[PDB]
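Each remark here refers to the structure printed beneath this line.
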Amino acid sequence: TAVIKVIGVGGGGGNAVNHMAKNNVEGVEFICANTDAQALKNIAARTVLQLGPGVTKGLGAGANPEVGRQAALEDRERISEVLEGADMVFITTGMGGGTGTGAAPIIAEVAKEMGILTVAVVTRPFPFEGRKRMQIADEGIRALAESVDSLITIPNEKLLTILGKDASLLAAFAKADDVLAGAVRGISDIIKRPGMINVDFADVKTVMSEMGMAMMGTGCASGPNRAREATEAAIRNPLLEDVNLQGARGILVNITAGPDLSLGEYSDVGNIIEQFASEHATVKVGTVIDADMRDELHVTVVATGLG
Amino acid sequence: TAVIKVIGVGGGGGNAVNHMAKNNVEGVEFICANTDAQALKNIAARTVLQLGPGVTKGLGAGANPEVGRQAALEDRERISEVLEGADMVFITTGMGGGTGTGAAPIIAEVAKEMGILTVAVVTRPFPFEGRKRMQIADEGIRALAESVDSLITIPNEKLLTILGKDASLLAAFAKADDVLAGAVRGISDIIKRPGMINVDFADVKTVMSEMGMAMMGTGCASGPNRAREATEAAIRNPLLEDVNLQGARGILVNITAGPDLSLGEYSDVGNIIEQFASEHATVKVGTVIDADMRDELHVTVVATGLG
Amino acid sequence: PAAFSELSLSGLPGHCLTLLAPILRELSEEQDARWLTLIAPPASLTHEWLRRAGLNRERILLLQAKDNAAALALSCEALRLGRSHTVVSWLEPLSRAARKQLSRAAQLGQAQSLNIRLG
Amino acid sequence: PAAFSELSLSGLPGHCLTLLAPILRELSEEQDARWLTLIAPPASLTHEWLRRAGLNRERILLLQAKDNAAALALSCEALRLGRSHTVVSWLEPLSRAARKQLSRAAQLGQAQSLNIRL
Ligand SMILES: Nc1nc2c(ncn2[C@@H]2O[C@H](COP(=O)(O)OP(=O)(O)O)[C@@H](O)[C@H]2O)c(=O)[nH]1
Ligand SMILES: Nc1nc2c(ncn2[C@@H]2O[C@H](COP(=O)(O)OP(=O)(O)O)[C@@H](O)[C@H]2O)c(=O)[nH]1
């Protein structure tokens with residue numbers, strides 16, 4: 001019955017949240033927080049939070065992170081209200097702009113002050129966006145890590161590897177939206193629609209709470225060796241390339257499959273994970289059964305407390 | 001399921017068996033074997049076996065054991081027919097006469113040849129019967145002991161003591177009948193009417209098979225400490241006086257009580273007994289619940305493999 | 001609270017027996033230091049089956065009865081005496097009256113009355 | 001032998017649950033290397049209750065369904081898939097044709113169908 005809220009901050013953050021509200025991310029409440037008043041009009045998210053109407057006058061920020069920060073400081077109270085009652089909050093944004101990089105850390109401070117488990121799921125700018133934005137993003141990320149339990153980072157640069165020849169400007173950000181949705185879905189589902197009884201909210205809190213930086217990888221496969229192929233594919237996902245899985249304090253695994261999931265497939269994923277996880281790590285493997293799913297098997301791995 | 005047959009040999013044995021048939025002692029087939037055709041007419045047992053029609057011509061053995069033996073030898077065949085199908089045989093007789101002391105050992109041999117568990121429960125003459133019978137009884141008990149798995153030799157002398165002033169010729173032999181019935185019933189109820197499932201026929205065999213000399217004591221009590229009282233009473237029963245429980249290879253214990261038997265009481269009995277038995281002795285404690293019994297708790301202890 | 005419960009098992013006889021085992025096994029191990037009393041169970045529940053079902057052989061009492069009417073009276077009595085944490089009956093039919101009788105007897109003995117129906 | 005079985009419990013709700021626990025606990029430990037699948041059990045059978053009930057946490061799948069009609073359909077599909085040694089349902093009422101469907105699915109999946117009526 002956990003109350004899970006997802007807040008998209010800024011332009012990119014809003015696009016990801018609206019993409020989540022349209023696809024398959026159930027059991028959560030969606031909120032879009034932005035200084036840009038026009039961007040909050042006619043959107044999927046049921047709740048909107050127009051940040052700093054006095055500092056920005058609804059005109060948005062100008063890619064200036066200070067404006068985003070000041071607008072958030074102005075609405076600490078309204079940020080509290082929109083978050084009231086959550087057992088968990090996902091903060092998603094595209095770091096590198098003004099609203100997202102500036103306001104997210106402040107929104108996180110509030111959530112933390114309220115004792116709410118907080119997981120940030122953000123992207124680092126694409127190399128084509130310039131050094132300036134990458135610098136801004138890095139700073140905002142550093143400020144963010146000071147108040148979130150787990151900070152999942154998605155370097156957009158890696159999305160280009162995944163996309164390959166299918167890359168285009170529209171497809172690149174569309175991919176970012178989808179990856180962010182997979183992160184929120186992978187975790188939220190373990191909490192809201194678990195198929196097994198071995199992982200409860202407390203177990204998730206244990207692998208997420210006060211962990212710091214995190215990263216994820218996803219994979220899916222069909223056929224006779226789908227369990228191993230999906231798991232290995234998640235491990236070698238470029239979004240998890242630069243991470244020493246054995247060096248992570250927490251490991252949350254989401255197995256999503258239809259009723260054709262066999263006991264052996266479940267143990268296969270567990271065995272593969274145990275081989276990469278450190279013995280000093282908290283490992284939780286939650287399972288989600290999609291009653292209408294068949295042949296495919298998805299594996300989502302979130303490595304927390306990296307380093 | 002186990003087929004249990006009781007064979008009373010001779011006059012006294014016939015009376016003992018007839019008493020058994022008119023009292024409790026359920027689940028067993030009664031047979032009176034005698035050379036005295038006249039004694040086989042007005043009895044309660046349903047099966048009779050006239051021993052040696054050709055030798056004694058149905059007139060009895062005249063107290064000469066040799067005649068009893070010759071009569072039994074004559075009907076070795078009819079004896080096997082009567083025992084056929086039995087899984088256990090109780091042979092009871094008053095040692096000291098002609099038929100019983102002479103035929104009992106032969107009947108035991110036949111039972112032994114057929115591989116039937118054989119338990120003999122017999123008495124030694126009362127001293128008021130004379131030296132001749134006592135001498136004859138001693139020789140017979142030696143012969144019998146060589147062909148039975150267990151041999152309970154009840155000395156009538158002890159019974160005359162237990163009776164005190166109520167002692168009369170008739171009362172004395174009635175007491176013997178009653179004690180004999182107690183031996184048979186105590187052991188057979190464990191096999192035929194177990195209230196618990198911890199002791200099966202195989203267990204009883206372990207305690208009874210090729211054991212040798214045996215003796216039994218009975219006790220009964222009512223009220224708050226009946227468990228301890230009945231057990232102590234069974235152990236201090238004069239029939240077990242000059243018997244060292246710690247020297248017995250096997251110990252079979254029958255607890256008989258009504259529906260008011262407590263789990264604690266069942267435990268006390270076994271505690272008191274394990275206290276007297278050696279760690280190397282095989283101890284079996286069977287429980288028989290008499291649906292319509294109340295307050296009274298009976299304990300029967302049979303020590304086998306004495307010495 | 002001490003009371004009356006009823007368990008019914010339907011299906012193939014062998015399936016009904018194997019599904020029964022874990023409950024009887026569990027009951028035989030009850031923390032309450034008293035007996036598990038089974039009253040007039042079907043011929044199928046032999047002492048051998050009970051031992052193979054892994055029941056605690058030192059905490060079970062199995063009593064017989066000539067017929068349903070006798071089993072009913074015996075059941076209430078064993079409950080009444082309060083020497084068993086649970087008295088298991090195999091009565092069918094069982095009237096609302098009989099159930100009340102079993103229930104009352106159970107309360108008096110601070111014990112549980114459990115009737116089982118197979119078929 | 002694959003088939004349909006039904007277990008019914010009458011009495012205080014708390015008593016019924018207590019009696020049911022040992023069955024589910026043992027079912028979750030079946031030697032058969034397959035799942036114990038529970039289909040839309042009553043609200044009283046929370047994940048917490050099943051854990052506190054001692055069931056093997058790594059060998060049970062719990063699938064929900066909006067109503068009896070859906071639960072019946074999901075039970076047969078689960079049985080049919082053959083991934084569970086036992087598929088436990090909590091369906092009442094249950095028609096003759098319904099039990100027939102369940103027993104056929106059980107045979108197809110070489111599994112056991114067990115319906116529980118509380
Ligand atoms: N997921 C996602 N990220 C985006 C999208 N557009 C831009 N971004 C990223 O998010 C960053 C922030 O830009 P923007 O959202 O415009 O900033 P803000 O509104 O001022 O916070 C950029 O540097 C991009 O990497 C989009 O449609 N989806
Ligand atoms: N239990 C019992 N023993 C008896 C009875 N009458 C005699 N005896 C004993 O059994 C012995 C054998 O005597 P009896 O049976 O007449 O001898 P048999 O028939 O020739 O073997 C006697 O020495 C007595 O001690 C009786 O009524 N009951």
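Convention: chains lettered A, B, ... in structure tokens order; per-chain residue numbering from 1; ligands numbered from 1 as shown.
Overlaying chain B on chain A with a least-squares fit of every Cα atom yields 0.5 Å as the RMSD.
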Go through chain C and flag each residue having an atom no more than 9 Å from chain B; for those, report the closest pair of atoms plus their distance in Å to one decimal, using only C-alpha atoms, ordered by chain and rising number, as JSON lines.
```
{"residue": "C:33", "atom": "CA", "partner": "B:263", "partner_atom": "CA", "distance": 7.1}
{"residue": "C:34", "atom": "CA", "partner": "B:263", "partner_atom": "CA", "distance": 5.5}
{"residue": "C:35", "atom": "CA", "partner": "B:263", "partner_atom": "CA", "distance": 6.0}
{"residue": "C:47", "atom": "CA", "partner": "B:197", "partner_atom": "CA", "distance": 5.5}
{"residue": "C:48", "atom": "CA", "partner": "B:197", "partner_atom": "CA", "distance": 7.9}
{"residue": "C:50", "atom": "CA", "partner": "B:197", "partner_atom": "CA", "distance": 7.6}
{"residue": "C:51", "atom": "CA", "partner": "B:197", "partner_atom": "CA", "distance": 7.0}
{"residue": "C:56", "atom": "CA", "partner": "B:198", "partner_atom": "CA", "distance": 8.8}
{"residue": "C:57", "atom": "CA", "partner": "B:198", "partner_atom": "CA", "distance": 5.1}
{"residue": "C:58", "atom": "CA", "partner": "B:198", "partner_atom": "CA", "distance": 6.5}
{"residue": "C:59", "atom": "CA", "partner": "B:263", "partner_atom": "CA", "distance": 7.1}
{"residue": "C:60", "atom": "CA", "partner": "B:196", "partner_atom": "CA", "distance": 6.0}
{"residue": "C:61", "atom": "CA", "partner": "B:196", "partner_atom": "CA", "distance": 5.0}
{"residue": "C:62", "atom": "CA", "partner": "B:195", "partner_atom": "CA", "distance": 5.4}
{"residue": "C:63", "atom": "CA", "partner": "B:195", "partner_atom": "CA", "distance": 6.3}
{"residue": "C:64", "atom": "CA", "partner": "B:291", "partner_atom": "CA", "distance": 8.1}
{"residue": "C:65", "atom": "CA", "partner": "B:291", "partner_atom": "CA", "distance": 8.5}
{"residue": "C:74", "atom": "CA", "partner": "B:291", "partner_atom": "CA", "distance": 7.7}
{"residue": "C:77", "atom": "CA", "partner": "B:259", "partner_atom": "CA", "distance": 7.9}
{"residue": "C:78", "atom": "CA", "partner": "B:259", "partner_atom": "CA", "distance": 6.1}
{"residue": "C:81", "atom": "CA", "partner": "B:260", "partner_atom": "CA", "distance": 6.2}
{"residue": "C:82", "atom": "CA", "partner": "B:260", "partner_atom": "CA", "distance": 8.2}
{"residue": "C:83", "atom": "CA", "partner": "B:262", "partner_atom": "CA", "distance": 5.6}
{"residue": "C:84", "atom": "CA", "partner": "B:262", "partner_atom": "CA", "distance": 8.1}
```
Take the residues from that selection and write them out as a compact mmCIF listing (two decimals), in the first residue's frame, keeping N, CA and C atoms.
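again.txt, written as the output of this step:
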```
# COMPACT_ATOMS: atom_id res chain seq x y z
N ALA C 33 0.99 -28.51 26.23
CA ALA C 33 1.37 -29.82 26.77
C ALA C 33 0.22 -30.77 27.08
N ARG C 34 -0.56 -31.10 26.07
CA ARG C 34 -1.68 -32.01 26.22
C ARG C 34 -1.73 -32.95 25.03
N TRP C 35 -2.67 -33.89 25.06
CA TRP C 35 -2.81 -34.85 23.99
C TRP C 35 -3.52 -34.32 22.76
N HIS C 47 -2.57 -47.32 12.61
CA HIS C 47 -1.46 -46.87 13.42
C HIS C 47 -0.23 -46.72 12.55
N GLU C 48 -0.13 -47.55 11.51
CA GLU C 48 1.01 -47.48 10.61
C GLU C 48 0.99 -46.22 9.76
N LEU C 50 -0.42 -43.42 10.52
CA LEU C 50 -0.16 -42.31 11.44
C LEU C 50 1.32 -42.16 11.76
N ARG C 51 2.02 -43.29 11.90
CA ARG C 51 3.44 -43.24 12.17
C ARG C 51 4.17 -42.78 10.91
N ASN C 56 3.80 -37.09 16.03
CA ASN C 56 4.56 -37.29 17.26
C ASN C 56 3.91 -38.45 18.03
N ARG C 57 4.56 -39.60 17.97
CA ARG C 57 4.08 -40.82 18.60
C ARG C 57 3.92 -40.78 20.11
N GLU C 58 4.47 -39.77 20.76
CA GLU C 58 4.35 -39.70 22.21
C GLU C 58 3.26 -38.75 22.67
N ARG C 59 2.61 -38.08 21.73
CA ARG C 59 1.60 -37.10 22.12
C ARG C 59 0.24 -37.34 21.49
N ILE C 60 0.03 -38.55 20.98
CA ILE C 60 -1.23 -38.88 20.34
C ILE C 60 -1.94 -40.02 21.04
N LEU C 61 -3.26 -39.89 21.11
CA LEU C 61 -4.12 -40.90 21.71
C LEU C 61 -5.18 -41.17 20.65
N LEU C 62 -5.35 -42.44 20.31
CA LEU C 62 -6.33 -42.83 19.30
C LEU C 62 -7.36 -43.72 19.99
N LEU C 63 -8.61 -43.25 20.04
CA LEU C 63 -9.67 -44.01 20.69
C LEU C 63 -10.69 -44.51 19.68
N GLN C 64 -11.27 -45.67 19.96
CA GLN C 64 -12.27 -46.24 19.07
C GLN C 64 -13.67 -46.10 19.64
N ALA C 65 -14.66 -46.28 18.77
CA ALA C 65 -16.07 -46.18 19.14
C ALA C 65 -16.84 -47.07 18.17
N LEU C 74 -18.23 -39.97 22.92
CA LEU C 74 -16.83 -40.11 23.31
C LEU C 74 -16.08 -38.81 23.02
N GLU C 77 -16.88 -36.17 25.62
CA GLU C 77 -16.28 -36.56 26.88
C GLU C 77 -14.80 -36.21 26.94
N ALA C 78 -14.06 -36.59 25.90
CA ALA C 78 -12.63 -36.31 25.83
C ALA C 78 -12.37 -34.80 25.85
N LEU C 81 -13.26 -33.53 29.56
CA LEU C 81 -12.21 -33.86 30.52
C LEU C 81 -11.02 -32.91 30.44
N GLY C 82 -10.92 -32.21 29.32
CA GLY C 82 -9.84 -31.24 29.14
C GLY C 82 -8.42 -31.76 29.16
N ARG C 83 -8.22 -33.01 28.77
CA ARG C 83 -6.87 -33.56 28.76
C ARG C 83 -6.22 -33.48 27.38
N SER C 84 -6.98 -33.04 26.39
CA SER C 84 -6.48 -32.91 25.03
C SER C 84 -6.59 -31.47 24.54
```
Expected answer as number ranges by chain: chain C residues within 10 Å of chain D, only C-alpha atoms: C: 1-16, 18-27, 112, 114-118
Take the residues that were just selected and, keeping C-alpha atoms, output them as a CSV table (one decimal), in the first residue's frame.
```
chain,number,residue,atom,x,y,z
C,1,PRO,CA,-11.0,-19.1,21.8
C,2,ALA,CA,-11.9,-22.8,22.4
C,3,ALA,CA,-14.5,-23.8,19.8
C,4,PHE,CA,-15.7,-26.1,17.0
C,5,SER,CA,-14.2,-26.2,13.6
C,6,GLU,CA,-14.7,-28.5,10.7
C,7,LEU,CA,-12.5,-29.6,7.9
C,8,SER,CA,-13.8,-31.2,4.7
C,9,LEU,CA,-11.6,-32.8,2.0
C,10,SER,CA,-13.0,-33.9,-1.3
C,11,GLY,CA,-11.2,-35.6,-4.1
C,12,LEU,CA,-9.5,-39.0,-4.6
C,13,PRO,CA,-9.1,-40.9,-1.3
C,14,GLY,CA,-5.3,-40.9,-1.5
C,15,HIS,CA,-5.3,-37.1,-2.1
C,16,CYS,CA,-7.6,-36.5,0.8
C,18,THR,CA,-2.0,-36.8,2.0
C,19,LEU,CA,-3.6,-33.4,2.4
C,20,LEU,CA,-4.7,-34.4,5.9
C,21,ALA,CA,-1.2,-35.5,7.1
C,22,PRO,CA,0.4,-32.1,7.6
C,23,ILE,CA,-2.4,-30.9,9.8
C,24,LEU,CA,-2.4,-34.0,12.0
C,25,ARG,CA,1.4,-33.8,12.0
C,26,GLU,CA,1.3,-30.2,13.0
C,27,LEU,CA,-1.4,-30.8,15.6
C,112,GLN,CA,-10.5,-27.4,20.4
C,114,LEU,CA,-12.2,-30.4,15.1
C,115,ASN,CA,-14.4,-32.6,12.9
C,116,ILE,CA,-13.1,-34.0,9.7
C,117,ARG,CA,-15.1,-35.1,6.7
C,118,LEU,CA,-13.6,-37.1,3.8
```
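For the pair CA of residue 304 (chain B) and CA of residue 180 (chain B), the interatomic distance is 16.1 Å.
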Neighbour list for residue 59 (chain A) as a ChimeraX atom specification, cut-off 12 Å, only C-alpha atoms, skip fewer than 2 positions in-chain: /A:34-40,50-57,61-63,67-68,71,99
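In this comparison, which uses only C-alpha atoms, the residue of A:3, A:277, A:252, A:202 approaching residue 216 (chain A) most closely is A:252.
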Just the strand (DSSP E or B) stuff from chain D, please, per backbone DSSP, written as a short mmCIF file (atom, residue, chain, number, x, y, z; two decimals) with N, CA and C atoms, in the first residue's frame.
```
data_model
loop_
_atom_site.label_atom_id
_atom_site.label_comp_id
_atom_site.auth_asym_id
_atom_site.auth_seq_id
_atom_site.Cartn_x
_atom_site.Cartn_y
_atom_site.Cartn_z
N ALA D 3 -5.02 -34.11 -10.57
CA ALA D 3 -6.46 -34.08 -10.34
C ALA D 3 -6.90 -32.84 -9.58
N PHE D 4 -8.20 -32.76 -9.34
CA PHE D 4 -8.79 -31.66 -8.61
C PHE D 4 -9.18 -32.13 -7.22
N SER D 5 -8.81 -31.35 -6.21
CA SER D 5 -9.14 -31.65 -4.82
C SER D 5 -9.72 -30.37 -4.23
N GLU D 6 -10.57 -30.51 -3.21
CA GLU D 6 -11.16 -29.36 -2.56
C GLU D 6 -11.07 -29.51 -1.06
N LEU D 7 -10.67 -28.42 -0.41
CA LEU D 7 -10.54 -28.39 1.04
C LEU D 7 -11.43 -27.26 1.54
N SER D 8 -12.29 -27.58 2.51
CA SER D 8 -13.21 -26.61 3.09
C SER D 8 -12.97 -26.48 4.58
N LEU D 9 -13.02 -25.25 5.08
CA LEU D 9 -12.83 -24.99 6.49
C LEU D 9 -13.98 -24.15 7.05
N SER D 10 -14.62 -24.65 8.10
CA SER D 10 -15.72 -23.95 8.74
C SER D 10 -15.32 -23.60 10.17
N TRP D 35 6.79 -24.43 -8.91
CA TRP D 35 6.18 -23.46 -8.01
C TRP D 35 4.94 -23.96 -7.29
N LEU D 36 4.60 -23.24 -6.23
CA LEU D 36 3.36 -23.45 -5.52
C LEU D 36 2.71 -22.14 -5.96
N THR D 37 1.65 -22.21 -6.76
CA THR D 37 0.99 -20.98 -7.20
C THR D 37 -0.35 -20.79 -6.50
N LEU D 38 -0.49 -19.61 -5.91
CA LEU D 38 -1.69 -19.20 -5.19
C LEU D 38 -2.44 -18.20 -6.06
N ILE D 39 -3.70 -18.50 -6.37
CA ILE D 39 -4.48 -17.62 -7.22
C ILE D 39 -5.55 -16.84 -6.46
N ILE D 60 7.15 -19.84 -3.99
CA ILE D 60 5.75 -19.50 -4.10
C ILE D 60 5.51 -18.29 -4.99
N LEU D 61 4.48 -18.40 -5.81
CA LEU D 61 4.07 -17.33 -6.70
C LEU D 61 2.64 -17.01 -6.28
N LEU D 62 2.34 -15.73 -6.11
CA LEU D 62 1.00 -15.31 -5.71
C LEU D 62 0.45 -14.38 -6.79
N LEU D 63 -0.58 -14.84 -7.50
CA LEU D 63 -1.19 -14.08 -8.57
C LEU D 63 -2.59 -13.60 -8.19
N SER D 84 3.78 -25.22 -12.17
CA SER D 84 3.49 -25.35 -10.75
C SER D 84 3.14 -26.80 -10.41
N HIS D 85 3.60 -27.29 -9.27
CA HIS D 85 3.26 -28.66 -8.88
C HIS D 85 1.83 -28.60 -8.37
N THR D 86 1.47 -27.43 -7.83
CA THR D 86 0.13 -27.22 -7.31
C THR D 86 -0.32 -25.79 -7.55
N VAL D 87 -1.58 -25.64 -7.95
CA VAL D 87 -2.16 -24.33 -8.16
C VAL D 87 -3.32 -24.28 -7.19
N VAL D 88 -3.21 -23.40 -6.20
CA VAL D 88 -4.25 -23.25 -5.19
C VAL D 88 -5.21 -22.10 -5.48
N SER D 89 -6.50 -22.42 -5.49
CA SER D 89 -7.57 -21.46 -5.75
C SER D 89 -8.46 -21.29 -4.53
N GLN D 112 -1.36 -30.48 -9.69
CA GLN D 112 -2.48 -30.67 -8.78
C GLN D 112 -3.27 -29.38 -8.62
N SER D 113 -4.59 -29.49 -8.75
CA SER D 113 -5.48 -28.35 -8.59
C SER D 113 -6.13 -28.50 -7.22
N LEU D 114 -5.99 -27.48 -6.38
CA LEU D 114 -6.58 -27.51 -5.04
C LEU D 114 -7.41 -26.26 -4.79
N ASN D 115 -8.71 -26.46 -4.58
CA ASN D 115 -9.57 -25.32 -4.30
C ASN D 115 -9.85 -25.28 -2.80
N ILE D 116 -9.81 -24.08 -2.24
CA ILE D 116 -10.03 -23.89 -0.82
C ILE D 116 -11.26 -23.02 -0.56
N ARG D 117 -12.17 -23.52 0.26
CA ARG D 117 -13.39 -22.81 0.60
C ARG D 117 -13.34 -22.45 2.08
#
```
Environment of ligand 2 within 8 Å, counting only C-alpha atoms and all ligand atoms, reported as number ranges by chain: B: 9-16, 34-36, 60-65, 68, 93-102, 123-126, 129, 133-134, 137, 156, 170, 173-178, 180
Backbone DSSP call of helix (DSSP H, G or I) for region 108-236 of chain B, listed as an MDAnalysis selection string: chainID B and resid 108:113 127:129 131:145 156:166 169:192 201:208 226:235
Spatial neighbours of residue 1 (chain B), max dist 10 Å, only C-alpha atoms, sep filter under 2 positions, as a list in words: residues 3, 4, 27, 87, 191, 192 and 201 of chain B
Surrounding residues of residue 186 (chain B) excluding itself and chain neighbours under 5 positions, 10 Å, only C-alpha atoms, as a count of residues only: 18
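The interatomic distance for the pair CA of residue 240 (chain A) and CA of residue 296 (chain A) works out to 21.6 Å.
If you look at CA of residue 106 (chain D) and CA of residue 80 (chain D), they are 6.3 Å away from each other.
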Under the rule of at most 9 Å, produce a per-residue listing of chain D near chain A: chain, number, name, the closest pair of atoms, and the distance in Å, as JSON lines, using only C-alpha atoms.
```
{"residue": "D:33", "atom": "CA", "partner": "A:263", "partner_atom": "CA", "distance": 7.0}
{"residue": "D:34", "atom": "CA", "partner": "A:263", "partner_atom": "CA", "distance": 5.5}
{"residue": "D:35", "atom": "CA", "partner": "A:263", "partner_atom": "CA", "distance": 6.0}
{"residue": "D:47", "atom": "CA", "partner": "A:197", "partner_atom": "CA", "distance": 5.4}
{"residue": "D:48", "atom": "CA", "partner": "A:197", "partner_atom": "CA", "distance": 7.7}
{"residue": "D:50", "atom": "CA", "partner": "A:197", "partner_atom": "CA", "distance": 7.5}
{"residue": "D:51", "atom": "CA", "partner": "A:197", "partner_atom": "CA", "distance": 6.9}
{"residue": "D:56", "atom": "CA", "partner": "A:198", "partner_atom": "CA", "distance": 8.8}
{"residue": "D:57", "atom": "CA", "partner": "A:198", "partner_atom": "CA", "distance": 5.0}
{"residue": "D:58", "atom": "CA", "partner": "A:198", "partner_atom": "CA", "distance": 6.6}
{"residue": "D:59", "atom": "CA", "partner": "A:263", "partner_atom": "CA", "distance": 7.1}
{"residue": "D:60", "atom": "CA", "partner": "A:196", "partner_atom": "CA", "distance": 6.1}
{"residue": "D:61", "atom": "CA", "partner": "A:196", "partner_atom": "CA", "distance": 5.0}
{"residue": "D:62", "atom": "CA", "partner": "A:195", "partner_atom": "CA", "distance": 5.3}
{"residue": "D:63", "atom": "CA", "partner": "A:195", "partner_atom": "CA", "distance": 6.3}
{"residue": "D:64", "atom": "CA", "partner": "A:195", "partner_atom": "CA", "distance": 8.8}
{"residue": "D:74", "atom": "CA", "partner": "A:291", "partner_atom": "CA", "distance": 8.1}
{"residue": "D:77", "atom": "CA", "partner": "A:259", "partner_atom": "CA", "distance": 8.2}
{"residue": "D:78", "atom": "CA", "partner": "A:259", "partner_atom": "CA", "distance": 6.5}
{"residue": "D:81", "atom": "CA", "partner": "A:260", "partner_atom": "CA", "distance": 6.3}
{"residue": "D:82", "atom": "CA", "partner": "A:260", "partner_atom": "CA", "distance": 8.3}
{"residue": "D:83", "atom": "CA", "partner": "A:262", "partner_atom": "CA", "distance": 5.5}
{"residue": "D:84", "atom": "CA", "partner": "A:262", "partner_atom": "CA", "distance": 8.1}
```
Selected residues, C-alpha atoms, written as a PDB file, in the first residue's frame, please.
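Saved result, part.pdb, follows:
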```pdb
ATOM      1  CA  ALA D  33      11.044 -28.584  -8.499  1.00  0.00           C
ATOM      2  CA  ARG D  34       8.146 -26.345  -9.485  1.00  0.00           C
ATOM      3  CA  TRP D  35       6.181 -23.461  -8.011  1.00  0.00           C
ATOM      4  CA  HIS D  47       2.336 -11.480   2.002  1.00  0.00           C
ATOM      5  CA  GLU D  48       3.117 -10.848   5.659  1.00  0.00           C
ATOM      6  CA  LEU D  50       2.328 -16.070   4.325  1.00  0.00           C
ATOM      7  CA  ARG D  51       5.833 -15.197   5.493  1.00  0.00           C
ATOM      8  CA  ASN D  56       9.277 -21.205   1.643  1.00  0.00           C
ATOM      9  CA  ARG D  57       9.603 -17.608   0.343  1.00  0.00           C
ATOM     10  CA  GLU D  58      11.550 -18.726  -2.735  1.00  0.00           C
ATOM     11  CA  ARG D  59       9.081 -21.269  -4.049  1.00  0.00           C
ATOM     12  CA  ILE D  60       5.747 -19.501  -4.101  1.00  0.00           C
ATOM     13  CA  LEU D  61       4.069 -17.331  -6.700  1.00  0.00           C
ATOM     14  CA  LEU D  62       0.996 -15.309  -5.707  1.00  0.00           C
ATOM     15  CA  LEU D  63      -1.189 -14.078  -8.572  1.00  0.00           C
ATOM     16  CA  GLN D  64      -4.181 -11.784  -8.089  1.00  0.00           C
ATOM     17  CA  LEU D  74      -6.038 -17.782 -14.373  1.00  0.00           C
ATOM     18  CA  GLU D  77      -3.932 -21.257 -17.334  1.00  0.00           C
ATOM     19  CA  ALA D  78      -1.463 -21.657 -14.459  1.00  0.00           C
ATOM     20  CA  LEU D  81       1.337 -24.122 -18.190  1.00  0.00           C
ATOM     21  CA  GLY D  82       2.776 -26.910 -16.059  1.00  0.00           C
ATOM     22  CA  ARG D  83       5.101 -24.617 -14.113  1.00  0.00           C
ATOM     23  CA  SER D  84       3.494 -25.351 -10.752  1.00  0.00           C
TER      24      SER D  84
END
```
